[PDB]
Amino acid sequence: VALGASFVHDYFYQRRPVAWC
Amino acid sequence: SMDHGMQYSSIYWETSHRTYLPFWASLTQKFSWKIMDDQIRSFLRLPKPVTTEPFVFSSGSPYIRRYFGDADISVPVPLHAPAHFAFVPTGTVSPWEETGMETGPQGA
Amino acid sequence: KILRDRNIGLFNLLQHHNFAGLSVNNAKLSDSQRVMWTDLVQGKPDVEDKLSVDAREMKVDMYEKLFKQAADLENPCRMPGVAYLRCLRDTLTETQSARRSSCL
Amino acid sequence: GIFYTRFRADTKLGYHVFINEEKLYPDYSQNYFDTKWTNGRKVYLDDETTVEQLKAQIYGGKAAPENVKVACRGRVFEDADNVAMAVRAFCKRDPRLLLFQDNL
Amino acid sequence: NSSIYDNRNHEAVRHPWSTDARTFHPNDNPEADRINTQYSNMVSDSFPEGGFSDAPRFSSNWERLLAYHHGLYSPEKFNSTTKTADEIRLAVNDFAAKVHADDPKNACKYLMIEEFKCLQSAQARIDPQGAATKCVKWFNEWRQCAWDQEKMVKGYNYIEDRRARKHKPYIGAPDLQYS
Amino acid sequence: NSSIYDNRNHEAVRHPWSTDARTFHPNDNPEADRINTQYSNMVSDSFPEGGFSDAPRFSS
Amino acid sequence: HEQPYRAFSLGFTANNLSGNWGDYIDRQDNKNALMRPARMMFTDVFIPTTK
Amino acid sequence: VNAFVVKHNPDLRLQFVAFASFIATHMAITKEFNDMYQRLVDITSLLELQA
Amino acid sequence: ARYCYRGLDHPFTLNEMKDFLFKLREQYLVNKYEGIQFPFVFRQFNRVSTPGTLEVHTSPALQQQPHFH
Amino acid sequence: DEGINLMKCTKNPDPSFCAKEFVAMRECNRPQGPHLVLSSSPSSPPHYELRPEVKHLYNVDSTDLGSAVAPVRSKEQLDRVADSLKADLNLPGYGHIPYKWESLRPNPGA
Amino acid sequence: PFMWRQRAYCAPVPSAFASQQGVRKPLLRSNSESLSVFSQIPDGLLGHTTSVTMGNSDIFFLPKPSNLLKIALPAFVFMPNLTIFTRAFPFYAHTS
Amino acid sequence: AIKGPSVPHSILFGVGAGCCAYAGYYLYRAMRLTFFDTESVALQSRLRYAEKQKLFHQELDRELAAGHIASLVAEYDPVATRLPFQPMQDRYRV
Amino acid sequence: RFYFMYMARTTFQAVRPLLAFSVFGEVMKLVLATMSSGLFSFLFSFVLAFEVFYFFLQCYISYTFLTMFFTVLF
Amino acid sequence: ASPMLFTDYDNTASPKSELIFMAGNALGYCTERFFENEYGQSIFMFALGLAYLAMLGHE
Amino acid sequence: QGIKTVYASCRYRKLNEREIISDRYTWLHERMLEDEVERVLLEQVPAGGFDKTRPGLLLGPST
Ligand SMILES: CCCCCCCCCCCCCCCCCC(=O)OC[C@H](COP(=O)([O-])OCC(O)COP(=O)([O-])OC[C@@H](COC(=O)CCCCCCCCCCCCCCCCC)OC(=O)CCCCCCCCCCCCCCCCC)OC(=O)CCCCCCCCCCCCCCCCC
Ligand SMILES: CCCCCCCCCCCCCCCCCC(=O)OC[C@H](COP(=O)([O-])OCC(O)COP(=O)([O-])OC[C@@H](COC(=O)CCCCCCCCCCCCCCCCC)OC(=O)CCCCCCCCCCCCCCCCC)OC(=O)CCCCCCCCCCCCCCCCC
Ligand SMILES: CCCCCCCCCCCCCCCCCC(=O)OC[C@H](COP(=O)([O-])OCC(O)COP(=O)([O-])OC[C@@H](COC(=O)CCCCCCCCCCCCCCCCC)OC(=O)CCCCCCCCCCCCCCCCC)OC(=O)CCCCCCCCCCCCCCCCC
Ligand SMILES: CCCCCCCCCCCCCCCCCC(=O)OC[C@H](COP(=O)([O-])OCC(O)COP(=O)([O-])OC[C@@H](COC(=O)CCCCCCCCCCCCCCCCC)OC(=O)CCCCCCCCCCCCCCCCC)OC(=O)CCCCCCCCCCCCCCCCC
Ligand SMILES: CCCCCCCCCCCCO[C@@H]1O[C@H](CO)[C@@H](O[C@H]2O[C@H](CO)[C@@H](O)[C@H](O)[C@H]2O)[C@H](O)[C@H]1O
Ligand SMILES: CCCCCCCCCCCCO[C@@H]1O[C@H](CO)[C@@H](O[C@H]2O[C@H](CO)[C@@H](O)[C@H](O)[C@H]2O)[C@H](O)[C@H]1O
Ligand SMILES: CCCCCCCCCCCCO[C@@H]1O[C@H](CO)[C@@H](O[C@H]2O[C@H](CO)[C@@H](O)[C@H](O)[C@H]2O)[C@H](O)[C@H]1O
Ligand SMILES: CCCCCCCCCCCCO[C@@H]1O[C@H](CO)[C@@H](O[C@H]2O[C@H](CO)[C@@H](O)[C@H](O)[C@H]2O)[C@H](O)[C@H]1O
Ligand SMILES: CCCCCCCCCCCCO[C@@H]1O[C@H](CO)[C@@H](O[C@H]2O[C@H](CO)[C@@H](O)[C@H](O)[C@H]2O)[C@H](O)[C@H]1O
Ligand SMILES: CCCCCCCCCCCCO[C@@H]1O[C@H](CO)[C@@H](O[C@H]2O[C@H](CO)[C@@H](O)[C@H](O)[C@H]2O)[C@H](O)[C@H]1O
């Protein structure tokens, strides 16, 4: 449950932009 | 004597400063939905941006788009050879000459 | 020698950037631009009654843009020219006969 | 009161008004609860408000000084201009307005 | 030279003619009390009232011609003193009158007047680069105001997107409306 | 200027008169075969035969 | 409301308030004068200069 | 899904092989897309260098 | 972020414009000179290329500039 | 015909948004004639052509102002343009990597 | 447009004074373009660079061995209990 | 490798799983762009606005530089082009 | 005003250990960076130990005041 | 006078009725500065740890 | 929110189309006004055109 919740929280709810060069 | 220089300052990490990188970060990689979005738009006939048209209506003077290998990378370039005008008479100024020293109306 | 070289270089630069002065000695000019410049230099700028009010406004805006790019704030004729063109803007919706008495 | 305040803040759009000189300050000696002008005043307005309406609201519908004009970030507004759009154009997200005298 | 990103910083400027290389030193550690805070006494901290001591005496006219032609001499810059506050004000007021006559219903008018004023105050006649370093900001503001006036005259707007789900950081925070 | 203990090293010498600042460069990486090893061909590696180009024409 | 914020770091182990690194152009030493000669002692890793 | 997976990969070694192949294919396709976007970004950087 | 999603037609001030041009110049220098390092660009790396016989000399004294008195 | 086609198209618009109709009308309403035209060709991509008698008013070397449609996305064209730009710049230092994150993977991250 | 020799930021580039050079590049350019970002460089990928997102990396897992402990531990109160004495809360909240 | 349970079969299974994952990504993006997108239109409008702004600034700077150059017509002297003891040419705008 | 008083007291009692651990730590670090000899170091080790004990004392005080401030009857 | 001789622009008062937004503005500042970034993720982990410790103590 | 978003997507598509076409019509209006002005100007050109070989105004001797 913790791994599932962490996956969801990190890759669906806590996405932030990153620069690309 | 500027290329291939030596290390002039020290490199260090201060105690307990965070890194924000996990152990699988090297396997992680980036991704943009832009390529897939363009494919989908082209396939579904969705509204295209005006940058696909070389002619530019965003000004009164004629501009044409120059593309760098893709419709997403373009620059407008003006076509007119603009004519410039000067409401000025010729031979009425000699800036190199100090005029405050000569006697006359121009001097005064 | 120095003066000759400098002045020939200036002439070539002006010809390269397609400049026109009080002496209209430029062949790459459009006929419309040449008419407008010759009106500003030698003739009388005025809007014709044949034109619609929108076209008169456009013509006056063209005159103003051209003359403001030509004459800078240090130029003496800038204020009179701008005043005359402003009078034209004020008197667009009129005939030349009625506009002369006011803009003369 | 809480409802009124929250609704006004979250619905209307306000401006911080300043005045350049003290001689241009309004006369608030009669009206009560405000016997003096203070610069930096928050003023809530409607989207249809013009510069003339703002000036009248500031000076209490009384005779205002001559050649008074409004500016934002150094840019003068026309009197027949919508305050909201003029701010959107000149000072986006910096609605600090200044009332000054334009003699020049 | 002034910039730290110049190798010959704090060194005299080189000219085609022989020049005394002893430099004018600005007042970097001024006293607390500067009883006279008028422009007369302030200008001496950044320029010499009598002008700089790097003026040429040309042995011939063609040397002067060539220096000017190559951009190394202007009498306006080399044979001159600092401008007094009264002269600066006269020039500024004449320029303001001319600009007002040019167009009263213009928004960038006072911005142009301010860049002119700052140039005159910084003595651009004798320190053009140093003065431009100060006045380019008002130039940029004038540029912005020009675009703004143009877009207000010619109706230019854009489709704004819907409001973001987290426009407010906190529900109890006020969402001040901006035009 | 030549010395490494000079700040203006490898820079042209300054004179009271205007001077072209393009410097004479000595031959630092000469070829192995220098068939002519006479003084005529050797002197060109350290000086210009025709002299330097920093001579003045005094107006007075 | 239009000026940007500086990063915040505070804990029992480290912080970013005891010093200032400056901007991207105008940089400055974060450690003060007394401890600059002992910078090595404030690091988990230290890669020295080449000389 | 579990039935369809065990029907074709009934053993642990086969399940691990399938998982690894899935990872590799995902990474390869992502790499293709990223190469395209990187070519675009490289063109933009080259134009900045030209400026 | 300031132009396309907040509505600011003039996002950069003079300082931000200078910072942009500084970074552009650094990009140019980095791609022009191979191995350029801190003193000229904000960059440090350890694995550098040295000639093999590295001479060490004292720098020359700062140039005496003429001054009054 | 130009005005009629423009009117008919602007109510049932094309993905190009009737740009060619607009420019055609603009060039046809000129007094002395059009300066810019769309070359009739058996070629697949059409081009914008400039009349010669007005070539002296425009800053061009030839009359062909390029295709009337944008390019098609192509890895090959992108590589070609990038190589041309690299050659024109001639910068020793492009692609140099002073430090790379130590990993079995060639490109850590990207 | 008043002090040309003193305002060099509004002056043409030195390549314009040179009288030498499908569509060609413009012959006349100013130094004021340096005050614009996208004057010379293109606006490609302008509004698409803030859309490249990467997920966070935190894992919320920590074994909870309670067999090691035999005593209770203190716990915080995060919010006031509004389910009891609801009507008097604004009146007794300031006391202690 | 096609039917039987083997290492090639498992590799094929993983490749198919990856392809199906990317097909799902395609479906997600298609539906989003077809029914749940206004940012694209808003950004296109803003970019056209930006193009207008750019061209305006460009023309303005060009005009200012042209005025700077026009300030030199007063210094220009067409008589200096004259050769000693020769007539002046109308080519240099008499 | 009571809410402001209470929050001030609570924040002070919460940051007390952080202060004891951070600012006095910075002072100790200054001393370490400046000292070289052996006698002064021998004498300063005891100051470090005293700082340990003082940190624990501050933590105890904060625990007491926090259990007082976060105790609710109902 | 001209609008550029004026400097006191930071004396932006506001109605006294807007004092009710005190806590709202405080939480908004703390959100824009701490909560919606990495330090806020650390604070969320701290809250999870408080829960963890309470559960551990109960058991 | 999803219903509102669908409706807004459709409306925004239509609005983008209309905005593009409207801006191009404005452009065309201005260009047609310019063309009218030019057509009126071309009447003031003297018979035979301009003498592009000589200067229009001779403002000094050539000795
Ligand atoms: C005194 C105070 C008391 C009051 C408390 C007050 C506080 C209350 C609030 C709570 C605190 C909140 C404070 C705010 C936190 C914000 C800061 C923060 O969290 O991050 C900072 C800090 C900053 O790091 P960073 O540089 O910024 O990088 C951040 C990255 O995101 C993360 O960096 P990372 O990803 O690189 O680090 C993760 C790390 C560790 O990650 C993990 O390992 C995942 C966790 C799995 C745990 C379960 C596995 C346990 C296995 C044990 C078996 C061992 C053998 C048994 C031996 C027995 C005999 C000894 O990974 C590795 O190092 C490599 C391991 C890779 C393998 C992992 C997966 C396989 C696991 C199975 C092993 C298989 C091995 C096969 C080998 C191959 C064979 C072919 O983050 C970390 O350091 C993360 C790791 C922290 C570990 C600390 C070590 C101590 C752990 C014990 C804690 C206390 C235990 C209490 C008792 C319970 C246990 C019995
Ligand atoms: C005594 C306790 C046990 C000790 C043994 C624990 C270590 C086991 C691992 C051994 C394998 C090492 C590999 C060796 C081959 C060479 C590669 C290499 O080493 O580079 C790794 C790394 C350097 O890497 P690099 O330089 O960046 O270059 C390439 C990258 O590493 C890699 O390239 P990349 O960046 O592209 O790869 C990215 C990604 C690649 O990996 C991954 O993506 C995922 C990997 C996780 C796999 C998870 C397992 C899979 C499970 C599947 C099955 C699941 C279901 C079944 C399980 C259910 C679980 C209930 O992430 C990783 O690289 C993970 C690497 C983890 C490194 C090991 C972390 C442990 C550090 C040592 C802990 C010491 C504990 C205290 C010892 C106390 C002794 C007194 O160096 C080390 O990790 C050193 C390992 C040293 C082990 C020391 C053992 C203790 C000896 C004590 C000696 C006494 C003196 C020590 C000083 C202190 C004295 C008090
Ligand atoms: C040891 C353990 C072994 C582990 C083995 C692992 C290997 C097994 C294979 C599976 C691997 C895990 C895959 C994880 C996902 C992919 C990785 C990822 O997360 O990338 C991030 C990436 C994040 O997207 P982003 O655009 O970059 O930014 C996200 C932001 O949130 C965007 O910001 P925003 O503001 O634009 O917000 C937009 C947001 C807006 O969202 C919302 O507003 C609300 C969301 C919906 C709430 C519910 C409302 C009710 C209406 C929906 C009804 C759904 C229930 C059905 C009801 C029927 C009655 C009507 O839209 C969404 O995010 C849509 C999310 C789509 C969720 C629906 C997809 C089905 C979910 C169930 C999948 C089950 C997989 C289990 C795998 C097995 C694991 C053991 O994910 C995506 O691109 C979208 C995922 C699309 C689905 C792909 C599925 C194929 C890939 C997996 C292959 C296996 C398929 C199996 C299908 C089984 C049948 C369902
Ligand atoms: C404008 C006005 C503004 C004003 C200001 C406003 C401020 C903003 C608004 C504020 C609003 C208020 C919000 C609340 C405040 C926010 C606080 C906050 O968010 O924190 C941020 C802030 C951190 O934020 P940050 O930006 O990430 O800072 C930089 C990083 O922290 C740097 O990280 P680092 O490089 O320094 O590394 C640190 C490292 C530190 O790692 C460690 O310290 C672990 C060392 C363990 C050593 C021994 C482990 C033995 C276990 C062996 C297991 C078996 C073998 C397995 C082998 C592998 C594992 C070893 O990693 C960790 O921190 C791990 C943390 C996660 C694990 C937590 C474990 C909790 C266990 C609790 C046990 C309870 C026992 C009770 C028993 C009672 C007695 C009967 O908090 C901190 O200060 C971080 C340190 C926290 C202290 C944690 C220490 C836990 C030590 C537990 C030891 C247990 C031993 C017990 C022994 C006694 C019994 C014998
Ligand atoms: C394996 C399948 C498991 C099923 C899991 C399904 C969960 C789906 C729930 C997704 C809800 C995400 O909700 C969404 O989160 C993202 C952050 O990532 C936010 O994203 C927001 O911030 C990011 C970063 O600044 C920007 O792209 C943008 O401003 C905006 O999209 C959205 O404002 C929010 O609407
Ligand atoms: C019992 C159900 C109650 C549910 C809540 C319903 C809302 C009740 C409050 C509605 C207030 C209506 O009163 C009206 O409010 C709006 C917003 O302030 C004001 O309108 C103001 O904002 C809008 C938006 O620009 C414009 O009309 C204009 O800019 C301005 O006048 C009107 O001048 C006022 O007449
Ligand atoms: C009886 C009336 C209905 C009562 C129920 C009201 C529920 C409204 C709260 C839902 C959340 C609204 O949150 C936000 O506010 C309005 C819609 O309301 C939208 O705001 C956006 O679309 C609306 C269209 O209605 C525009 O007027 C507005 O200019 C724009 O910013 C945002 O896209 C939405 O995210
Ligand atoms: C293989 C199976 C695949 C399953 C595919 C499922 C597809 C589900 C797609 C839902 C995408 C919704 O995406 C999200 O929705 C909400 C409303 O709905 C949008 O709208 C929200 O944000 C924008 C502004 O930020 C405004 O409209 C409004 O403030 C808010 O309602 C978001 O802008 C959009 O990012
Ligand atoms: C929220 C407050 C409670 C939590 C406290 C968090 C930790 C406190 C930080 C350490 C305090 C002492 O910090 C110490 O003094 C100042 C901090 O700016 C720094 O001093 C440096 O900056 C100041 C600027 O004010 C300069 O005057 C000084 O010349 C310079 O050396 C020192 O480098 C630092 O060692
Ligand atoms: C144990 C916990 C210890 C910490 C507890 C702290 C709780 C109190 C939070 C801080 C409250 C400060 O209150 C808040 O201060 C900031 C300035 O600093 C103000 O913010 C003001 O200045 C900042 C500049 O930094 C601007 O970005 C902002 O637009 C402006 O409103 C807020 O208007 C005010 O509401």
Side-chain angles (χ1 to χ4, degrees), chain A residues 2-4 7-8 10-15, chain B residues 13 16-25 31-33 36-37, chain E residues 164-166, chain G residues 8-20 28-36 42 44, chain H residues 1-2 5 15 18-19 22-23 26 30, chain K residues 51-69 73, chain L residues 14 17-29 31-32 36-37 39, chain M residues 11-12 14-16 18-19 21-27 29-30 33 59, chain N residues 38-39 41-53 56, chain O residues 1-2 5:
Chain A
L3 291 173
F7 184 83
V8 175
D10 296 314
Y11 301 99
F12 287 91
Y13 285 94
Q14 288 291 326
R15 307 191 66 89
Chain B
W13 197 259
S16 302
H17 279 187
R18 283 198 65 182
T19 291
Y20 307 108
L21 300 170
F23 61 91
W24 67 86
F31 183 80
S32 182
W33 294 107
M36 182 183 299
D37 290 359
Chain E
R165 189 178 187 273
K166 196 183 176 185
Chain G
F8 191 81
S9 169
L10 178 52
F12 286 82
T13 49
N15 61 83
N16 70 324
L17 319 178
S18 53
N20 184 31
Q28 55 192 81
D29 192 333
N30 50 316
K31 302 300 180 190
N32 57 310
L34 301 180
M35 51 172 57
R36 279 165 207 165
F42 307 96
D44 278 328
Chain H
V1 177
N2 200 79
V5 165
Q15 292 166 11
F19 186 73
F22 159 84
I23 294 289
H26 200 272
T30 312
Chain K
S51 300
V52 175
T53 49
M54 304 207 70
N56 201 29
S57 59
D58 295 0
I59 288 169
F60 306 109
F61 176 79
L62 188 68
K64 195 190 74 64
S66 58
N67 46 27
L68 295 170
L69 195 74
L73 299 177
Chain L
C19 294
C20 289
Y22 264 93
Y25 295 148
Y26 268 97
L27 286 166
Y28 163 61
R29 299 303 303 188
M31 206 151 60
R32 168 152 171 167
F36 299 97
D37 63 331
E39 309 93 306
Chain M
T11 57
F12 172 54
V15 304
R16 173 192 297 269
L18 185 67
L19 302 190
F21 203 78
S22 294
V23 311
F24 303 159
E26 275 284 38
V27 175
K29 288 181 175 201
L30 280 170
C59 285
Chain N
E38 56 276 7
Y39 201 73
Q41 283 299 273
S42 294
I43 293 166
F44 181 60
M45 272 192 295
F46 179 81
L48 295 174
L50 290 180
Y52 172 95
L53 291 176
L56 191 70
Chain O
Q1 294 283 318
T5 299

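Chain naming here is simple, since letters A, B, ... match the order of the sequence lines and numbering starts at 1 in each. Reckoned from all heavy atoms, side chains included, excluding hydrogens, waters and symmetry mates. We count ligands from 1, going down the list as the structure has it; atoms in each ligand are counted the same way.
A centroid separation of 6.0 Å or more is found between the aromatic rings of L/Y28 and L/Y25.
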Residues A/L3, K/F61; criterion side chain to side chain contact (heavy atoms under 4.5 Å, CB included); working and verdict: CA-CA 8 Å; A/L3 291 173; K/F61 176 79; 5.7 Å; no

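Proximity of atom 35 (O) of ligand 1 to the protein is indicated by at least one non-hydrogen atom lying closer than 4.0 angstrom. Under the 4.0 angstrom criterion, atom 44 (C) of ligand 1 counts as lacking any protein heavy-atom contact. Proximity of atom 18 (O) of ligand 9 to the protein is indicated by at least one non-hydrogen atom lying closer than 4.0 angstrom. Within a 4.0 Å radius of atom 98 (C) of ligand 1, the protein has at least one heavy atom. Under the 4.0 angstrom criterion, atom 41 (O) of ligand 1 counts as lacking any protein heavy-atom contact. Within a 4.0 Å radius of atom 81 (O) of ligand 1, the protein has no heavy atom. Note that atom 22 (O) of ligand 9 has no protein non-hydrogen atoms nearby, at separations under 4.0 angstrom. Protein heavy atoms are absent from the space less than 4.0 angstrom from atom 26 (C) of ligand 9. For atom 62 (C) of ligand 1, the protein comes within 4.0 Å by no heavy atom at all. Distance check for atom 34 (C) of ligand 9: a protein heavy atom is found below 4.0 Å.
Of the protein's non-hydrogen atoms, A/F12 O, 3.8 Å is the one closest to atom 30 (C) of ligand 3. Counting only heavy atoms of the protein, atom 5 (C) of ligand 9 lies nearest to M/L19 CD2, 4.4 Å. Annotation: atom 95 (C) of ligand 1 to nearest protein heavy atom, K/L62 CD1, 4.5 Å. The shortest contact between atom 9 (C) of ligand 3 and any protein heavy atom is with H/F22 CZ, 4.6 Å. Scanning the protein heavy atoms around atom 6 (C) of ligand 3, the nearest turns out to be H/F19 CE1, 4.0 Å. For atom 32 (C) of ligand 3, the nearest protein heavy atom (residue, atom name, distance) is L/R32 NH1, 4.0 Å. Atom 30 (C) of ligand 9 has its closest protein heavy atom at G/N32 CB, 4.5 Å. Scanning all protein heavy atoms for the shortest distance to atom 27 (O) of ligand 3 gives B/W33 NE1, 3.2 Å. In this structure, atom 91 (C) of ligand 3 lies nearest to the protein heavy atom L/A21 CB, 3.8 Å. Here the protein heavy atom with the shortest distance to atom 11 (C) of ligand 9 is M/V23 CG1, 4.6 Å. Remark: minimum distance from atom 4 (C) of ligand 9 to any protein heavy atom is reached at M/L18 CD2, 3.9 Å. The closest protein non-hydrogen atom to atom 5 (C) of ligand 1 is N/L53 CD1, 4.2 Å. Annotation: atom 32 (C) of ligand 9 to nearest protein heavy atom, G/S18 O, 3.3 Å.
Using a 4.0 angstrom heavy-atom cutoff, A/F7 counts as in contact with ligand 3. Within the structure, the closest approach of L/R29 to ligand 3 falls below 4.0 Å when heavy atoms are considered. Under a 4.0 angstrom heavy-atom cut-off, M/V15 registers as lying outside contact with ligand 9.
Less than 4.0 angstrom separates some heavy atom of B/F23 from each of these atoms of ligand 1: 35 (O), 36 (O), 61 (O). Ligand 1 places these atoms under 4.0 Å from at least one heavy atom of N/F46: 9 (C). Interface atoms of ligand 1 facing N/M45, defined by a heavy-atom separation under 4.0 Å, are 16 (C), 19 (O). Close approach of ligand 1 to B/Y20 (heavy-atom distance below 4.0 Å) involves ligand atoms 27 (O). Annotation for ligand 1: atoms under 4.0 Å from non-hydrogen atoms of K/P63 are 98 (C). Listed by number with element, the atoms of ligand 9 under 4.0 Å from a non-hydrogen atom of M/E26 are 35 (O).
An N or O contact shorter than 3.5 Å is missing between G/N15 and ligand 9 by distance. Looking at B/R18 next to ligand 1, an N or O pair under 3.5 Å apart turns up. Between K/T53 and ligand 3, a contact under 3.5 Å exists for no N or O pair. Checked against a 3.5 angstrom limit, the closest N/O atoms of B/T19 and ligand 1 fall inside it.
Residues G/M35 and M/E26 form a side-chain contact, since some pair of their non-hydrogen atoms from C-beta on lies under 4.5 Å apart. When side chains are defined from C-beta on, M/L19 does not count as touching M/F24, because their heavy atoms never get closer than 4.5 Å. Contact check for B/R18 versus G/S9: no side-chain heavy atoms found under the 4.5 Å cut-off.
The main-chain N or O of H/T30 is found under 3.5 Å from a side-chain atom of L/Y22 such that the two form a donor-acceptor pair. Looking at G/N30, its side chain never comes within 3.5 Å of a backbone N or O of G/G19 through a donor-acceptor pair. No donor-acceptor pair under 3.5 Å is formed between the side chain of L/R29 and the backbone N or O of B/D37.
Counting heavy atoms under 4.0 Å from ligand 1, residue N/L48 does not touch it at all. Only side-chain heavy atoms of G/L10 come within less than 4.0 Å of ligand 9; its backbone N, CA, C and O stay farther off.
Within 6.0 Å of NZ in M/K29 there are 12 or fewer heavy atoms belonging to other residues, nucleotides or ligands.
Between the choices K/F61, G/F12, B/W13, the shortest heavy-atom distance to atom 47 (C) of ligand 1 belongs to K/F61. Of the listed options K/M54, A/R15, H/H26, A/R15 places a heavy atom closest to atom 28 (O) of ligand 3. The residue from L/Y28, A/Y11, L/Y25 that puts a heavy atom closest to atom 88 (C) of ligand 3 is L/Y25.
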